[PDB]
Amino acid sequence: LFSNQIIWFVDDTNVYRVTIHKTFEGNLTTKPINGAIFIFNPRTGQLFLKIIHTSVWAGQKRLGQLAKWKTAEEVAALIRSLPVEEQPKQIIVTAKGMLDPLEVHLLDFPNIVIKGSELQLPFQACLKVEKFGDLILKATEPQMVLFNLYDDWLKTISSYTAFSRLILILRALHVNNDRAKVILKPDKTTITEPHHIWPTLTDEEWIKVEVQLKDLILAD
């Protein structure tokens, strides 16, 4: 996972999003809201966030199915925009419905291996992190935004350790957002830098946090 080969995880979970409301007449209305594709490099921490504006669905039906195809289209478009040296060698998807769309969209890229995964990597949780949630909510058109999901961690820990830390954060936020946010703020003075995603914590603080997040996930 952290070798010389560029690897991307691709998450389509958040592409097609809706709000459901029961009207005064007793029927359900379903209205799309903006979504996002998450494309993540586990070695470097790079995230490509492709915001999906609701206008893309105009006209269309079976939007949850079409979202798999839209995701594959956008992955291919990103790849086309990158020099060959920056293109991934492997694309890993935790949703099985992404496999066939990606295969058909990436026929011009014979070097790229597509595989499925049973890992729990819930980028959905990022919608709970104000930076991402508000950006996605308020967008008025599609756009791509770059992030570094490991902040400054790699100065002192390995990619393996950083990946493990990130997964514990995402899973804990997914399972119990309120308690995870408390765990991640151990002191009144804990802050997150404006250009960071996650709090600035000491090594001792991260040790305790990681154990607490793991325990939270186990308690579900």
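Sequential numbering from 1, following the sequence displayed.
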Next on the checklist: So, looking at the entry's B-factor column for Cα atoms, which has the higher mean, 183 to 191 or 64 to 72?
Outcome noted: 183 to 191
Next on the checklist: If you take the mean CA temperature factor per stretch, which one wins between 125 to 133 and 81 to 89?
Outcome noted: 125 to 133
Checklist entry - Looking at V211, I20, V15, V10, which has the biggest Cα B factor in the entry? => result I20
Checklist outcome for this item: Note to self: of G35, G45, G59, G26, the C-alpha temperature factor tops out at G59
Next on the checklist: For the chain shown, is the CA B-factor of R165 in the lowest, middle or highest third of its modelled residues?
Outcome noted: lowest
Checklist entry - Comparing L173 with the other modelled residues of its chain, is its CA B-factor in the lowest, middle or highest third? => result middle
Checklist entry - What third of the chain, by the recorded C-alpha B-factor, contains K50? => result lowest
Checklist outcome for this item: Binned into thirds over the chain's modelled residues, the C-alpha B-factor of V104 lands in the middle
Next on the checklist: Lowest, middle or highest third: which one holds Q120 when the chain's residues are ordered by CA B-factor from the entry?
Outcome noted: middle
